[PDB]
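A.B. asks: Position in the sequence shown (first residue = 1) + 2 = the deposited numbering.
Just so you know, even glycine gets a beta-carbon here, dropped at the ideal spot from N, CA and C.
Got a structure for you, questions after.
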Amino acid sequence: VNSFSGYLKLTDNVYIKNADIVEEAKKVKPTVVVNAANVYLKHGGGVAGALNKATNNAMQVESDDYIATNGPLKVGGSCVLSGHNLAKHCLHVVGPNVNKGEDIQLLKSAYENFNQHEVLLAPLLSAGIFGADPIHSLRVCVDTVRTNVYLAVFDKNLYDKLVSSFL
Ligand SMILES: O=C(Nc1ccc(C(=O)N[C@@H]2c3cccc(O)c3C[C@@H]2C(=O)O)cc1)NC1CC1
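Here it is in structure tokens:
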């Protein structure tokens, strides 16, 4: 039993809720919150900009030190950093950005990072300003992630479309 409340169960291991991932992170304090990162960990907008704002820019400061030491991530890759005031850890995962021409097949590789964590609060990878179809992203999530994932979908209309179209 965990403290995530009000989720609809999609499969054995995937749950979904119309929620602001920032507010959900502040209330649950999960072990892992997933960020929709880019390879430079420049948290300007979308989920990343919101999570970073909620940390008063501490996420960005930590991220800049990480990049200065290690260089950029790979598209499809990830790193574990602090969750600051939102979670124990933040798993920064880089899904492909369609608005940069990146290969959508890398979306499965991106979701594979979730399997290294038993439970996660996460957004749909490559959705929103990353330009992928969120229905496709949800399908890849369900078919790739085997650990327990709680998906927060900010947009109520997108949320009900995701639920109503889910196979
Ligand atoms: O600002 C915040 N939270 C905040 C939370 C999420 C986002 C964001 O970009 N969401 C994206 C979106 C939007 C529309 C359609 C989509 O497919 C997606 C994918 C992605 C998602 O929903 O996961 C932005 C901001 N909180 C403080 C109090 C105001």
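Applying the 10 Å Cβ sphere with the 16-neighbour rule, what's the burial state of residue 74?
C.D. replies: Answer is exposed; the Cβ neighbour count stays below 16.
A.B. asks: Looking only at DSSP bridge pairs, what is residue 166 linked to?
C.D. replies: None, per the DSSP bridge assignment.
A.B. asks: For residue 87, name the three-state secondary structure that DSSP assigns.
C.D. replies: In this structure, residue 87 counts as coil in the three-state DSSP scheme.
A.B. asks: At which residues does the alpha helix (DSSP H) containing residue 109 begin and terminate?
C.D. replies: Run containing residue 109: 108 to 114, per the alpha helix (DSSP H) assignment.
A.B. asks: Under the three-state reduction of DSSP, which class applies to residue 123: helix, strand or coil?
C.D. replies: Strand at residue 123.
A.B. asks: Hey, out of 154, 127, 160, 42, whose CA is closest to residue 11's CA?
C.D. replies: Comparing Cα positions, the closest option is 154.
A.B. asks: Can you tell me where the alpha helix (DSSP H) holding residue 137 begins and where it ends?
C.D. replies: First-last of the alpha helix (DSSP H) with residue 137: 136 to 146.
A.B. asks: Taking 7 angstroms as the cut-off, does the CB of residue 32 come closer than this to any heavy atom belonging to ligand 1?
C.D. replies: No, the Cβ of residue 32 stays beyond 7 angstroms of every heavy atom of ligand 1.
A.B. asks: For residue 153, which residues does DSSP report across the bridge?
C.D. replies: The partner list for residue 153 (beta bridge, DSSP) reads 18, 124.
A.B. asks: Hey, is residue 116 close to ligand 1, as in C-beta under 7 angstroms from one of its heavy atoms?
C.D. replies: Incorrect: residue 116 has no Cβ contact closer than 7 angstroms to ligand 1.
A.B. asks: Is the region 24 to 43 close to the region 88 to 102, with three or more CB pairs under 8 angstroms?
C.D. replies: Contact holds: three or more Cβ-Cβ distances are below 8 angstroms.
A.B. asks: So, residue 65 versus residue 43, is the Cβ gap smaller than 8 angstroms?
C.D. replies: For residue 65 and residue 43, yes; Cβs fall inside 8 angstroms.
A.B. asks: Would you check if the region 148 to 168 and the region 20 to 28 touch, i.e. whether three or more CB-CB distances between them fall below 8 angstroms?
C.D. replies: Because the criterion of three Cβ pairs below 8 angstroms is met, the region 20 to 28 and the region 148 to 168 touch.
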